[PDB]
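Q: Before we start, here is the structure in question, set down as structure tokens.
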Amino acid sequence: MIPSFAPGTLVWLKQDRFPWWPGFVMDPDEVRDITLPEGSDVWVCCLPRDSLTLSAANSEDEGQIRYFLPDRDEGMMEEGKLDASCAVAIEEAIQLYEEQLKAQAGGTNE
């Protein structure tokens with residue numbers, strides 16, 4: 001049960017004409033075992049700014065992407081110490097990831 005290769009990972013999406021913004025990696029319905037025709041296999045949930053700018057693409061998004069987690073890749077400073085929206089988005093992503101991934105990884109002494 002590992003859809004979108006480890007579901008719940010926060011990465012960075014850098015558009016060609018657009019800048020680089022944070023986005024949580026989420027699967028539409030497990031596209032790792034079941035591959036059906038549509039056009040969107042990956043669902044990136046960016047921070048609240050454009051009113052749910054969820055980006056959906058199937059083997060089409062391969063431009064520029066960065067792996068975020070340790071918040072020490074010389075970016076957290078601008079994604080937390082710059083815009084309150086970035087700091088809140090990241091804090092929330094980690095607050096949930098460590099709340100759902102830990103709850104099913106030994107909740108209450110397993």
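Residues are referred to by chain and number: the chain letter is A, B, ... according to the order shown in the structure tokens, the number counts from 1 in that chain, and ligands are numbered separately from 1 in the order shown.
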So that I can see what lies close to residue 94 of chain A, please list as an MDAnalysis selection string the residues with an atom at most 10 Å from it, counting only C-alpha atoms and leaving out residues fewer than 4 positions away in the same chain.
A: chainID A and resid 8:10 24 69 88:90 98:100
Q: Looking only at alpha helix (DSSP H) from DSSP on the backbone, list the matching residues of segment 3-105 of chain A as number ranges by chain.
A: A: 84-100
Q: Produce a file of the selected residues containing N, CA, C and O atoms, as a PDB file, in the first residue's frame.
A:
```
ATOM      1  N   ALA A  84       4.262  33.851   5.734  1.00  0.00           N
ATOM      2  CA  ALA A  84       3.544  33.101   6.759  1.00  0.00           C
ATOM      3  C   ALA A  84       2.764  31.943   6.146  1.00  0.00           C
ATOM      4  O   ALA A  84       2.559  30.912   6.786  1.00  0.00           O
ATOM      5  N   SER A  85       2.330  32.121   4.902  1.00  0.00           N
ATOM      6  CA  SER A  85       1.568  31.092   4.204  1.00  0.00           C
ATOM      7  C   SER A  85       2.420  29.847   3.972  1.00  0.00           C
ATOM      8  O   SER A  85       1.936  28.721   4.081  1.00  0.00           O
ATOM      9  N   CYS A  86       3.692  30.061   3.652  1.00  0.00           N
ATOM     10  CA  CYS A  86       4.613  28.958   3.403  1.00  0.00           C
ATOM     11  C   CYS A  86       4.914  28.200   4.693  1.00  0.00           C
ATOM     12  O   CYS A  86       4.906  26.969   4.717  1.00  0.00           O
ATOM     13  N   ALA A  87       5.181  28.943   5.761  1.00  0.00           N
ATOM     14  CA  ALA A  87       5.485  28.342   7.053  1.00  0.00           C
ATOM     15  C   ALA A  87       4.298  27.541   7.579  1.00  0.00           C
ATOM     16  O   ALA A  87       4.468  26.465   8.154  1.00  0.00           O
ATOM     17  N   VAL A  88       3.096  28.072   7.378  1.00  0.00           N
ATOM     18  CA  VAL A  88       1.881  27.406   7.830  1.00  0.00           C
ATOM     19  C   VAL A  88       1.601  26.153   7.008  1.00  0.00           C
ATOM     20  O   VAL A  88       1.224  25.114   7.550  1.00  0.00           O
ATOM     21  N   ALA A  89       1.790  26.258   5.697  1.00  0.00           N
ATOM     22  CA  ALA A  89       1.561  25.134   4.799  1.00  0.00           C
ATOM     23  C   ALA A  89       2.485  23.968   5.134  1.00  0.00           C
ATOM     24  O   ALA A  89       2.051  22.817   5.191  1.00  0.00           O
ATOM     25  N   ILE A  90       3.760  24.273   5.351  1.00  0.00           N
ATOM     26  CA  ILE A  90       4.745  23.249   5.681  1.00  0.00           C
ATOM     27  C   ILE A  90       4.475  22.648   7.056  1.00  0.00           C
ATOM     28  O   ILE A  90       4.466  21.429   7.220  1.00  0.00           O
ATOM     29  N   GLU A  91       4.252  23.514   8.040  1.00  0.00           N
ATOM     30  CA  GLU A  91       3.981  23.068   9.402  1.00  0.00           C
ATOM     31  C   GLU A  91       2.772  22.138   9.439  1.00  0.00           C
ATOM     32  O   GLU A  91       2.741  21.173  10.202  1.00  0.00           O
ATOM     33  N   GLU A  92       1.778  22.437   8.609  1.00  0.00           N
ATOM     34  CA  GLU A  92       0.565  21.629   8.548  1.00  0.00           C
ATOM     35  C   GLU A  92       0.838  20.288   7.871  1.00  0.00           C
ATOM     36  O   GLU A  92       0.405  19.241   8.347  1.00  0.00           O
ATOM     37  N   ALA A  93       1.559  20.332   6.754  1.00  0.00           N
ATOM     38  CA  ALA A  93       1.890  19.122   6.012  1.00  0.00           C
ATOM     39  C   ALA A  93       2.624  18.119   6.896  1.00  0.00           C
ATOM     40  O   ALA A  93       2.343  16.922   6.857  1.00  0.00           O
ATOM     41  N   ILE A  94       3.565  18.617   7.693  1.00  0.00           N
ATOM     42  CA  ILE A  94       4.337  17.763   8.586  1.00  0.00           C
ATOM     43  C   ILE A  94       3.514  17.355   9.804  1.00  0.00           C
ATOM     44  O   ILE A  94       3.656  16.244  10.315  1.00  0.00           O
ATOM     45  N   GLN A  95       2.655  18.259  10.261  1.00  0.00           N
ATOM     46  CA  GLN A  95       1.808  17.990  11.417  1.00  0.00           C
ATOM     47  C   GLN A  95       0.826  16.861  11.124  1.00  0.00           C
ATOM     48  O   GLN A  95       0.440  16.111  12.021  1.00  0.00           O
ATOM     49  N   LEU A  96       0.426  16.746   9.863  1.00  0.00           N
ATOM     50  CA  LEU A  96      -0.512  15.707   9.449  1.00  0.00           C
ATOM     51  C   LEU A  96       0.225  14.425   9.075  1.00  0.00           C
ATOM     52  O   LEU A  96      -0.201  13.325   9.429  1.00  0.00           O
ATOM     53  N   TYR A  97       1.334  14.575   8.358  1.00  0.00           N
ATOM     54  CA  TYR A  97       2.131  13.430   7.935  1.00  0.00           C
ATOM     55  C   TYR A  97       2.622  12.632   9.140  1.00  0.00           C
ATOM     56  O   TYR A  97       2.631  11.402   9.121  1.00  0.00           O
ATOM     57  N   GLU A  98       3.030  13.345  10.186  1.00  0.00           N
ATOM     58  CA  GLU A  98       3.523  12.705  11.399  1.00  0.00           C
ATOM     59  C   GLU A  98       2.370  12.355  12.337  1.00  0.00           C
ATOM     60  O   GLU A  98       2.586  11.890  13.456  1.00  0.00           O
ATOM     61  N   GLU A  99       1.146  12.580  11.870  1.00  0.00           N
ATOM     62  CA  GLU A  99      -0.040  12.291  12.667  1.00  0.00           C
ATOM     63  C   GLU A  99      -0.813  11.112  12.082  1.00  0.00           C
ATOM     64  O   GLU A  99      -1.552  10.429  12.791  1.00  0.00           O
ATOM     65  N   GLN A 100      -0.636  10.879  10.786  1.00  0.00           N
ATOM     66  CA  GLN A 100      -1.317   9.785  10.106  1.00  0.00           C
ATOM     67  C   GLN A 100      -0.356   8.632   9.832  1.00  0.00           C
ATOM     68  O   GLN A 100      -0.759   7.468   9.799  1.00  0.00           O
TER      69      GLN A 100
END
```
Q: Could you check the closest approach to residue 83 of chain A for each of A:43, A:21, A:12, A:68 and tell me which residue wins, using only C-alpha atoms?
A: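 Using only C-alpha atoms, residue 83 of chain A sits closest to A:21.
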Q: Please identify all polymer residues within 9 Å of residue 32 of chain A, counting only C-alpha atoms, omitting same-chain residues fewer than 4 positions from it, and present them as a PDB file with N, CA, C and O atoms, in the first residue's frame.
A:
```
ATOM      1  N   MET A   1       0.827  -1.201   0.000  1.00  0.00           N
ATOM      2  CA  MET A   1       0.000   0.000   0.000  1.00  0.00           C
ATOM      3  C   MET A   1       0.865   1.256   0.000  1.00  0.00           C
ATOM      4  O   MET A   1       0.939   1.969   1.001  1.00  0.00           O
ATOM      5  N   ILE A   2       1.519   1.519  -1.127  1.00  0.00           N
ATOM      6  CA  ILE A   2       2.377   2.690  -1.256  1.00  0.00           C
ATOM      7  C   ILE A   2       2.104   3.433  -2.559  1.00  0.00           C
ATOM      8  O   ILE A   2       2.922   3.445  -3.479  1.00  0.00           O
ATOM      9  N   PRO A   3       0.927   4.070  -2.641  1.00  0.00           N
ATOM     10  CA  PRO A   3       0.519   4.830  -3.827  1.00  0.00           C
ATOM     11  C   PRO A   3       1.333   6.106  -4.007  1.00  0.00           C
ATOM     12  O   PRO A   3       1.718   6.750  -3.031  1.00  0.00           O
ATOM     13  N   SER A   4       1.591   6.466  -5.259  1.00  0.00           N
ATOM     14  CA  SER A   4       2.364   7.664  -5.567  1.00  0.00           C
ATOM     15  C   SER A   4       3.716   7.636  -4.860  1.00  0.00           C
ATOM     16  O   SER A   4       4.257   8.676  -4.488  1.00  0.00           O
ATOM     17  N   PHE A   5       4.256   6.435  -4.680  1.00  0.00           N
ATOM     18  CA  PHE A   5       5.544   6.268  -4.018  1.00  0.00           C
ATOM     19  C   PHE A   5       5.587   7.046  -2.707  1.00  0.00           C
ATOM     20  O   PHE A   5       6.024   8.196  -2.668  1.00  0.00           O
ATOM     21  N   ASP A  27      -2.169  10.715  -4.002  1.00  0.00           N
ATOM     22  CA  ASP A  27      -2.659   9.866  -5.084  1.00  0.00           C
ATOM     23  C   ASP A  27      -4.171   9.990  -5.230  1.00  0.00           C
ATOM     24  O   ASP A  27      -4.903  10.158  -4.254  1.00  0.00           O
ATOM     25  N   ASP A  41      -2.415  11.158 -12.965  1.00  0.00           N
ATOM     26  CA  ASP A  41      -2.078  10.069 -12.056  1.00  0.00           C
ATOM     27  C   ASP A  41      -1.583  10.611 -10.718  1.00  0.00           C
ATOM     28  O   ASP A  41      -1.752   9.975  -9.677  1.00  0.00           O
TER      29      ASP A  41
END
```
Q: Could you check how far atom CA of residue 53 of chain A sits from atom CA of residue 17 of chain A, in Å to one decimal?
A: 15.8 Å
Q: Please compute the atom CA of residue 52 of chain A-atom CA of residue 25 of chain A distance, one decimal, in Å.
A: 14.0 Å
Q: Using DSSP on the backbone, list every residue of segment 17-108 of chain A that comes out as strand (DSSP E), and give them as JSON, numbers by chain.
A: {"A": [20, 21, 22, 23, 24, 25, 26, 42, 43, 44, 45, 46, 55, 56, 57, 64, 65, 66, 67]}
Q: Of the residues A:59, A:15, A:51, A:109, which is the one nearest to residue 35 of chain A, using only C-alpha atoms?
A: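 Using only C-alpha atoms, the shortest distance to residue 35 of chain A belongs to A:59.
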